[PDB]
Amino acid sequence: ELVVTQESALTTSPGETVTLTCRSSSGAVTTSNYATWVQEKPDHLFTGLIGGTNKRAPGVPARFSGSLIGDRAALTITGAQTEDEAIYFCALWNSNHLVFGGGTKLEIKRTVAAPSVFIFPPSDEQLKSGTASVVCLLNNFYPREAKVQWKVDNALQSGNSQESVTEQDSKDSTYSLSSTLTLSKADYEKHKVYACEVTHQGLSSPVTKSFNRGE
Amino acid sequence: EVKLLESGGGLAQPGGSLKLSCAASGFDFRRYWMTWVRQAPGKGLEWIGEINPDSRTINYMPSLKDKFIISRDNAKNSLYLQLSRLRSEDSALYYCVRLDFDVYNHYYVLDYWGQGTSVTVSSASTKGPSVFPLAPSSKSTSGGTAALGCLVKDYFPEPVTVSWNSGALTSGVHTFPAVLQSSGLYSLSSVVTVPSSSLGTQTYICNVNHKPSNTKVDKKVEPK
């Protein structure tokens, strides 16, 4: 049980220096651990960045370098770019074996951006089937924190919605979020007003998108 | 044009075994150490093992005997992984990985990675998704854009692939991580945003593929 630990999450701005570290439960991280770093971009796209502690791999931008800091291995990004948003894994060799750290999510900061909000009623095809999904889209916003509240004839919904968020976009640095409200066909047909209510740092007051069933 | 194509994944029953395979091209496979790595949904990377060119050195992650068996066939430029005594913790994406050795340089990197094959260990049966349109409206525009999409609902197991207009449409596309419903089934949405005034300018078809149930669906999403 050699355990390799990394910071969970770090945020930097474009042009700044950022340092990711990698520690070992067995000992100081040494040259003999031949630390490697691997970048994971969305869509499970992997790039080997650094091998043998401090040797940058062919093709990798000069911005990335490896070293030791005290007890640990370090990955340094000098002049972070928006496309540097990713998960970074360190790994240590310990005799026969390779051991991965848990990974560090790197977020790149940008100016605040308010979501565009869209609401979609269930299709007629779905209603044929006995259930009804209402979808709310929050598009291209920053920072990540966003509240979606569902309302049905102005009653706050609870426990019947699910939500999922994209990874930070490598070009504009924004996030998108999708939320689904699921109810039965019978419950859907009893009510009229379906509303998606959004709060976010870029909005000076809540944005509400809604529609009326059968209008 | 280094290529590493995996196959062999899908649904497997608990306690069963399964053979993953990886075909390689675009480099001298005979000369390289090869590695298997895996990643469980929402979790980190995990090294399974490696094998040298002549199969005389095989290193494995600490584990019970013959949980994993790695082998290779240099005449077929192929690497294999036998998984046995399958349990739910074995559910993951499995990656075929080239190891760049280099003793003089003191340098060992995982430089080239395959896309992965998905393995889900479960006794629940497969279910193909329903594909529902998320229809745009000319009256429902936010921030200069119109939004449309597809709701890919009620499937098992992961993954599904989604594309728009047979891969011709990529700008403005967001395919969301799938969510697991309390029914045990997955659901995801894929959306496209375009400049409002371009709405009636083109056709929008979402192409949904779910290999485990052999479901291919092409849904036209119409302004409505």
Side-chain angles (χ1 to χ4, degrees), chain A residues 115-141 146-166 175-200 203 206-215, chain B residues 129-143 145-155 160 162 174-183 185-193 204 206 208 219 221-224:
Chain A
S116 292
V117 182
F118 306 81
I119 196 172
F120 304 89
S123 61
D124 288 291
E125 295 156 44
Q126 189 180 11
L127 289 153
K128 290 182 180 194
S129 86
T131 60
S133 303
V134 193
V135 186
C136 196
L137 170 71
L138 288 54
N139 211 56
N140 304 176
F141 62 86
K147 203 178 166 162
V148 173
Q149 292 176 280
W150 285 104
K151 304 212 245 209
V152 169
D153 287 335
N154 212 236
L156 187 62
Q157 294 306 293
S158 201
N160 57 355
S161 75
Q162 283 185 287
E163 168 190 283
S164 101
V165 184
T166 53
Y175 296 93
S176 287
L177 182 159
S178 181
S179 179
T180 307
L181 175 74
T182 302
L183 15 153
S184 61
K185 197 203 160 215
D187 291 341
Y188 183 70
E189 315 264 72
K190 278 163 205 216
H191 301 287
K192 200 86 202 198
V193 189
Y194 294 77
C196 187
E197 181 187 7
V198 172
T199 48
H200 180 263
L203 297 167
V207 161
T208 300
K209 296 300 170 155
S210 62
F211 73 82
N212 292 319
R213 187 197 92 249
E215 283 172 16
Chain B
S130 295
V131 190
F132 305 126
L134 305 161
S137 175
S138 179
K139 310 163 182 160
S140 286
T141 69
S142 212
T145 66
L148 54 104
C150 276
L151 178 58
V152 182
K153 191 185 180 180
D154 283 355
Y155 67 98
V160 292
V162 186
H174 288 299
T175 301
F176 289 83
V179 302
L180 179 54
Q181 304 169 94
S182 60
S183 76
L185 301 167
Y186 288 101
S187 192
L188 78 60
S189 66
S190 176
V191 303
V192 173
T193 56
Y204 312 97
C206 71
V208 176
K219 201 80 204 184
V221 186
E222 306 255 29
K224 267 161 162 208

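Here is how names work: the chains are called A, B, and so on, in the same order as the sequence lines, proteins then strands, and each is numbered from 1. Values below: all heavy atoms of this structure, side chains included; hydrogens, waters and symmetry mates excluded.
Under the salt bridge (charged side-chain N to carboxylate O under 4.0 Å, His left out) criterion, the residue pairs touching residues 115-138 of chain A are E125(A)-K219(B), with sequence neighbours excluded.
Of the N and O atoms on the side chains of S130(B) and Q126(A), not one donor lies less than 3.5 Å from an acceptor on the other residue. A donor-acceptor contact closer than 3.5 angstrom links the side chains of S176(A) and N140(A).
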Worked verdict on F211(A) versus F120(A) for ring pair (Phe, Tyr, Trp, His ring centres under 6.0 Å)
CA-CA 8 Å; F211(A) 73 82; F120(A) 304 89; 9.9 Å; no

Using the side chain to side chain donor-acceptor pair (under 3.5 Å) rule, take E163(A) and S178(A) through it: C-alpha gap first, then chi angles, then the decisive distance, then the call.
CA-CA 6 Å; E163(A) 168 190 283; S178(A) 181; over 6 Å; no

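Here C150(B) contributes atom SG and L134(B) contributes atom CG; the two are 6.5 Å apart, rounded to the nearest 0.5 Å. To the nearest 0.5 Å, atoms OH (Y186(B)) and OH (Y155(B)) are separated by 8.0 Å.
Of the possible polar contacts, one joining the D153(A) side chain to the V193(A) backbone as a donor-acceptor pair under 3.5 Å is found. Between the side chain of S179(A) and the main chain of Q162(A), a donor-acceptor pair closer than 3.5 Å is present. Judged by distance alone, the side chain of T193(B) and the main-chain N or O of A146(B) form no donor-acceptor pair under 3.5 Å. Between the side chain of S133(A) and the main chain of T182(A), no donor-acceptor pair closer than 3.5 Å is present.
Considering only heavy atoms from C-beta on, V179(B) stays 4.5 Å or farther from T180(A) through its side chain.
With sequence neighbours excluded, the residues that form a side chain to side chain contact (heavy atoms under 4.5 Å, CB included) with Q149(A) are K147(A), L156(A), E197(A).
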